[PDB]
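In the form deposited in one PDB entry, a lone chain appears below as structure tokens.
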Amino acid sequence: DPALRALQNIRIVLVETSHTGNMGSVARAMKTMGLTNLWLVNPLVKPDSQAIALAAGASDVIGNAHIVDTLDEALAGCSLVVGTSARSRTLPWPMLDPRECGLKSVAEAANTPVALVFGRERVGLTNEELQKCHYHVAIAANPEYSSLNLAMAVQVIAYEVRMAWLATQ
């Protein structure tokens, strides 16, 4: 991949993933867009045969994953941290959409490591975790049905990171 070096600095950080299959689907979503650096923070169960199975040709991304107990460890060394969250009117945070997150991530990663942080199936990220992010990224969606599956959220965000990369080419 001619994107390998530009994108190897961009970490995809999954916080306390409940279903190991989702770890695998994430690894595949990542690798198809050229992202290869996966960090798992305190996963309920470590990657297993199901995670390897859903990773398909991206089982190397699972294999090479960093597994750490705390979020701080996954963020150490990163200059730019973006977490998935809807906007808040009462504890406002600076907001990105996937497209702007892609642009910003690629611009930053030319210099220094970036973390794109995703939370737990259903529950998401906690307030304590969200407060360690520089920006929150929200995916504009059907107001009737507005929550994407974990791996689908990663697939969108990774897609926009490759698109931003491609623009630099």
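Don't overthink the numbering: it's just position in the shown sequence, from 1.
Although it is not shown, the form solved in complex with a small molecule is what the next lines describe.
For the chain shown alone, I12 is not a contact residue for the small molecule in the deposited complex, no non-hydrogen atom being within 4.5 angstroms. Interface residue remark: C101 is not counted as part of the site for the small molecule in the deposited complex, having no heavy atom within 4.5 Å.
Although the partner is absent from this view, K132 stays clear of the small molecule in the deposited complex, with no non-hydrogen atom inside 4.5 angstroms.
The small molecule in the deposited complex is approached by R122, whose closest heavy atom lies within 4.5 angstroms of it. Exactly one of the stretches 38 to 46, 55 to 63, 105 to 113, 134 to 142 approaches the small molecule in the deposited complex with heavy atoms within 4.5 Å, and it is 134 to 142.
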